[PDB]
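Structure first, then comments.
Derivation of every value follows stated rules applied to the coordinates shown; laboratory data play no part. Cβ: placed from backbone, ideal geometry, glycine included. Neighbour counts: every protein chain shown.
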RNA sequence: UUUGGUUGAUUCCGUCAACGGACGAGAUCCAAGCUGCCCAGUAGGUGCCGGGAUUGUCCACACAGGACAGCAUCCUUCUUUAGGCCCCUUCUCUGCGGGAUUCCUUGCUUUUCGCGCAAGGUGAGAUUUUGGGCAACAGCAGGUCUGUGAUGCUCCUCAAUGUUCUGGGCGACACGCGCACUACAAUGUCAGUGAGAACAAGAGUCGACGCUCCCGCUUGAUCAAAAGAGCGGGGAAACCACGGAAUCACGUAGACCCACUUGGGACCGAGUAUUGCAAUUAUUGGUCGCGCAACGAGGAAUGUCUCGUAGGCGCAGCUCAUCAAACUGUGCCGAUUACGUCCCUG
Ligand SMILES: [K+]
Ligand SMILES: [K+]
Ligand SMILES: [K+]
Ligand SMILES: [K+]
Ligand SMILES: [K+]
Ligand SMILES: [Mg+2]
Ligand SMILES: [Mg+2]
Ligand SMILES: [Mg+2]
Ligand SMILES: [Mg+2]
Ligand code: NA
Ligand code: NA
Ligand code: NA
Ligand code: NA
Ligand code: NA
């Protein structure tokens, strides 16, 4: 659990792209990498009446929003790890680096 | 011969015997011994405010403490919040939908105090209570007692 | 000196039962810790007991069965247990034994009940707006 | 080894027969241990005829708004009914239940078509038989000291004997008599 | 009292509501007849006719 | 399973209220106004009377022991929160009111609010509901 | 309904005189033959089974069925 | 409130 | 763009003064039920090695005590909120994929053919697979000027229909109507013991150097509930959490026994604690009384529903400083009847 990098976004394709090419950036140094972990996907739901004036049949409207989370474990020296993590980041994807 | 033992299978453990029979025997042992202290609050209060009437069993306090011993035995490190969950019911609210209520945590504090005075239970640091070596011995000796009976 | 072990599973509604069958000096069946022949509902005891009673106890001679169930109420858990037990002996007999011995118990199992080896695919239906349940609708007044 | 299943570990399914040749194909007698099955018996048109006979009696018991879905309670009520039947008759309880279903439904009905008499199919005969037994017992035990497990046993026994002191038989005669004069 | 017959073929649902079916039944004499049946009925089923002397069209 | 003693009596007279000969003792005392269930259980417990006696053998000494317990509940270690009139807005006393005395206090409260001419008093006078309904 | 609440001599003797001959014994039935409460009937039947004059057939928390010993 |  | 068969289908086949085209249906999209790769110090298991508890030649077998497993086998079982190590990925997590196609038999089908139906088989699943979401062209003087710094004409505009403050009202009862909740009891009410779900949610982006939100463990306690207080955790697959929900179960040798009764809880009296700047026209929660309020299954009339469905039972979210008999979702027990027709309404 030496180095924890967590990525999360709103686009499954973008999240997968970042993880896959982060691994090749890791695979070019010979770090010890624990495989990516897919955390459970979370959906935020909001239900709202469609009408703006309260008339007619009571018809509703359900909106959703999905969030994908991935986890990667790296065991390497700090000045090295910053070099791996210096890659370009796709728009909409955030990356958090933590050490426990 | 219902007491004949099968090949191997020597002894018994609390998890094996019938649950109600063990509680009834344990409650009698507490009563027949007489070291357990019963507070003067054990004749007016109800088990929980969700209940409607006071307990109808004269030995209800001895029965409850034995059950509390069993729960701590099964799940070490349980506290008053957990024990209230184990003893719950549904409350009649009149012309309104029924709702579930937990047992009062005041009575469970008294039950744990009586067991601790009977050196049958000790509290883990920073957590709930667990059962001591004597408490484990007491429960298992009664369980084997029922199997032979 | 040697270990014989198999792991199977079964599901009824949302309960998942995981059963481990191993060779032991004497047969024992424990469900969530408490052994069989001590489960309080006698009806549910019969349903679990029938997993062995159909093929006979001679095939469960020196096998140890350990089952753990999680989720989905009371009756649905009993049905998942009996399916994980039935799949367990079949899986155990598949290895450690000839092929003729297997498929001699399967026919007895599938003759009595299909669900003893095949999971029931039924699940709860989602609720829709404008309805009190999946199907029933709001009352009309005129 | 394997032995033949016995209902409630006390009653045997062996040496069972139906004296009415019309209903022979619609009353099931496969051995089972308990009246709990939990199978999809309503997917096809005629698949409901394969439910064991004792289970069908169990299903009919849990009817009113209270009792909708209390299968385990219904099994317990059915279980206690069998020994009262066995004590009253000194004969296999399942045999008595089989006879009562055979003789508990009218074989000729009248329908609005001015009403004209028609016939009744085997499946409707079995279904209506069990329905009238549960309905007769349920209304007898309401606001009464008799309790249900020993209200249902008496009416099943009376129906098997064919006595008119039963809800099932009394209604069957009235339907048949009306259908005759209505044609 | 009652005569048992076997259903050979079923014509179709009759009546305005469609709750009554029409079938051809052979007595058990080889004498066939035509009867109206109430309830779910199938081929090969057996009925119990009180009288077997009149057609029902 | 004890035989009927032939001294079994119906409508046992107690606290100016006829109390049925049948019924268990806690549910027979419930017919005395002001007692109610959950109080008859405490009354029987503090009077040394079994709750499974069914008023069949209620000897005059036992009735007198019961009647004196309810007369002064606090003398037998009944808690103050377990009582009818906790602080008596007029007198300033703690007591339990039973047996055709509760109604007298009820009409005393109604006239007290009327003289005050409070909102609760006038709504009581007109016959309307005094709560939020 | 005027069911008695406490056992009395005439019903008391009738419990061991006529009841043990019955083929089927139930608290609901016994409360009808002798005009007694259902609660009283259940206690009397338990009294007879302990004596040994009748035999319990089916047992449960809510329902009990007894028959003649021989 | 009051309804009657 | 009709007629003849068929289909939920203007879906197809055939025929044809029509031929070629566009929408809608179908497909696509989401969620379930079966499986493949990749996965772990936030999900889980398997051996051993420690430590802790109980342990029988017979004999005894509940106060009345019964029916249902293990015994040719290598050695009795449980726990580790006194725990060290070794092996793993069936169960959980999920981003892309496979898998169902009337596929295979039998019988029916306009005189053949064609389009297809019914029963069975393979199967996790067998007929739009099951639920949703989307949904054309024409309209209605349907609703909204009480959503907006959407808006035209037209009103008020400094002792105002602008704006703010104080106090009331929106809730007032002889009554009538729609929709819910609770019941009218024994298939029950009350009191104990047992096993046991999923969807979810939780704190600053103005105020006290620290916090605000959601919870756990103790103490309060030499004596009710309701609460003050200490000690901590969680930014949420790590905390609450082994998520001890309610129906449910119990050979509990429990209490009641057919009555407006221990059924039902309306109405009303008295004492307390909390939220709030403020609780009277009772905010709310808890305690003891009142139960002599109807109500014993409901006339004419009438609503919804075809498989994990109806009905029954609870939980979360939302509204929310405090209040859910509402709505939006979630799981738990779990059936009877039909597999039809055009009689009524369309
Ligand atoms: K409406
Ligand atoms: K149109
Ligand atoms: K309003
Ligand atoms: K609303
Ligand atoms: K029509
Ligand atoms: Mg045209
Ligand atoms: Mg208009
Ligand atoms: Mg009540
Ligand atoms: Mg009453
Ligand atoms: Na209720
Ligand atoms: Na309710
Ligand atoms: Na009854
Ligand atoms: Na069609
Ligand atoms: Na305007």
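Does the range B:33-79 come out rounded, prolate or oblate by the C-alpha gyration tensor, with a ≥ b ≥ c the root eigenvalues, rounded set by a/c under 1.5 and, if not, prolate when a/b is larger than b/c and oblate if not?
oblate
Between residue F:80 and residue D:3, what FRET efficiency follows from the Cβ-Cβ distance if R0 is 60 Å, with the result rounded to 0.05?
According to the calculation, E is roughly 0.30.
List, largest first, the extents of the alpha carbons of the protein assembly as shown along their principal axes, each in whole Å.
The Cα atoms of the protein assembly as shown stretch 101, 101, 79 Å along the principal axes, largest first.
How tilted is helix C:42-53 with respect to the longest principal axis of chain C? Cα atoms for both, answer in degrees (0 to 90, nearest 10).
Approximately 40 degrees, to the nearest 10.
Could you give the C-alpha radius of gyration of the range D:96-152 expressed as a fraction of 2.2 N^0.38 Å, taking N as the number of residues it contains?
Normalised Rg, Cα atoms only: 1.43.
The range B:50-149: D in µm²/s via Stokes-Einstein (Kirkwood Rh, Cα pairs, 4 °C, 1.567 mPa s)? Don't skip to the end; give the middle numbers.
On the way: Rh = 15.1 Å.
Diffusion coefficient, whole number: 86 µm²/s.
Per residue of G:23-29, what is the mean number of Cβ atoms on other protein chains within 10 angstrom of that residue's Cβ?
5
May I ask for the distance between the Cα centers of the range C:66-116 and the range F:39-57, given as a whole number of Å?
58 Å
Which of the peptides D:150-157, B:93-100, D:128-135, F:20-27 is most tightly packed, and how do the rest follow, judged by the mean count of other Cβ atoms within 10 Å per residue? The partial results should precede the final answer.
Numbers: D:150-157: 23.0, B:93-100: 8.0, D:128-135: 20.6, F:20-27: 17.2.
Per-residue Cβ counts within 10 Å, averaged per peptide and sorted highest first, yield D:150-157, D:128-135, F:20-27, B:93-100.
Could you work out the mean count of beta carbons from other protein chains within 10 Å of each residue's beta carbon in C:39-49? Numbers along the way, then the final one.
Details: counts 0, 3, 3, 6, 10, 3, 1, 9, 5, 0, 3.
Across the residues of C:39-49, the mean count of other-chain Cβ atoms within 10 Å is 4.
Please report Rg over Rh for chain A, where both radii come from the alpha carbon positions and Rh follows the Kirkwood definition.
Taking Rh as the inverse mean 1/r over Cα pairs, Rg/Rh reads 1.23.
For the range D:73-121 and the range A:32-82, what is the separation of their Cα centres, given in Å?
First find each Cα centre; the distance between them is then 59 Å.
Along each of its three principal axes, how wide is the spread of alpha-carbon positions in the range F:31-114, in whole angstrom units, largest first?
Principal-axis extents of the range F:31-114 (Cα, largest first): 48, 23, 20 Å.
Using a cut-off of under 20 Å, list every residue of the range F:97-121 whose amide N is near the label point 7 Å from the Cα of residue F:87 along the Cα-to-beta-carbon line.
F:97, F:106, F:109-110, F:112-113
Most mobile of F:111, F:62, F:95 per a Gaussian network model of chain F (Cα springs, under 10 Å)?
For chain F, modelled as a Gaussian network with Cα springs under 10 Å, the answer is F:111.
May I have the convex hull volume per residue, in Å³, for the Cα set of chain D?
152 Å³
Would you mind checking the tilt of helix B:105-117 against the longest principal axis of the Cα atoms of chain B, expressed as 0 to 90 degrees and rounded to 10?
That helix lies at roughly 30 degrees to the long axis.
Just the number, please: percent antiparallel of the DSSP beta bridges in the protein assembly as shown, rounded to the nearest 5.
Expressed as a percentage, antiparallel bridges in the protein assembly as shown total about 90.
Where the convex hull is taken over the Cα atoms of the range B:1-54, what is its projected area averaged over directions, in nm²?
Reported value for the Cα convex hull: 6.8 nm².
Can you give me the angle between helix B:19-33 and the longest principal axis of chain B, using Cα atoms only, in degrees from 0 to 90, rounded to the nearest 10?
With both axes taken from Cα atoms, the answer is about 90 degrees.
In Å³ and rounded to a whole number, note down the convex hull volume per residue for the Cα atoms of the range B:1-119. Let's see the in-between values first.
Working: hull volume 19.9 nm³, N = 119.
Spelled out: Cα convex hull of the range B:1-119, divided by residues, is 167 Å³.
Rule-of-thumb check for the range E:10-57: C-alpha Rg over 2.2 N^0.38 Å?
Output field value: 1.12.
As an exercise, use a Förster radius of 30 Å and the Cβ-Cβ distance of residue A:85 and residue A:43 to find the FRET efficiency, rounded to the nearest 0.05.
Result of the calculation: an efficiency of 0.55.
For a test of the definition: using alpha carbon positions, the gyration tensor, and the 1.5 limit on a/c, classify chain C as rounded, prolate or oblate.
Taking the square roots of the gyration eigenvalues as a ≥ b ≥ c, chain C is prolate.
Label 7 Å along Cα→Cβ of residue B:109; the range B:55-85 residues with amide nitrogen under 12 Å?
Correct set: B:80-81.
Taking the Cα centre of each part, how many Å lie between the range D:12-42 and the range B:85-115?
For the range D:12-42 versus the range B:85-115, the Cα centre distance is 47 Å.
Count, for each residue of D:144-154, the Cβ atoms from other chains sitting within 10 Å of its Cβ, then give me the mean as a whole number.
Neighbouring Cβ atoms belonging to other protein chains average 4 per residue here.
Before rounding to the nearest 500, sum -39500 (n - 2.57) across all DSSP H runs of length at least 4 in chain C and divide by the residue total; then give [θ] at 222 nm in deg cm²/dmol. Can you show the working numbers first?
Values: 3 runs with 39 residues, N = 142.
Per the formula, -8500 deg cm²/dmol.
Considering every Cα-Cα pair within the range D:1-72, what fraction, in whole percent, is farther apart than 13 Å?
Here the tail beyond 13 Å accounts for 72 percent of pairs.
I need the calculated FRET efficiency for the pair residue D:29 and residue F:115, taking r as the beta carbon distance and R₀ as 60 Å, to the nearest 0.05.
Efficiency computed from Cβ-Cβ geometry: 0.10.
Per the helix-only calculation at 222 nm, which mean residue ellipticity applies to chain B, given -39500 (n - 2.57) for every DSSP H run of n ≥ 4 and division by its residues, nearest 500 deg cm²/dmol?
Values: 5 runs with 66 residues, N = 149.
Result for chain B: -14000 deg cm²/dmol, rounded to the nearest 500.
Quick one: which of E:2-8, C:34-40, C:97-103 comes out on top by average Cβ neighbours within 10 Å, and what's the full order, highest first?
The peptides rank, most packed first, as E:2-8, C:34-40, C:97-103.
Kindly identify chain G as rounded, prolate or oblate by the Cα gyration tensor criterion: order the square roots of the eigenvalues as a ≥ b ≥ c, call it rounded if a/c is under 1.5, otherwise compare a/b with b/c, prolate if a/b is larger, else oblate.
Values: a/c = 1.83, a/b = 1.30, b/c = 1.41.
Cα axes put chain G in the oblate bin.
Can you order the peptides D:101-113, G:9-21 by their average number of other Cβ atoms within 10 Å per residue, highest first?
Working: D:101-113: 20.1, G:9-21: 13.5.
Listed from highest to lowest mean packing, they are D:101-113, G:9-21.
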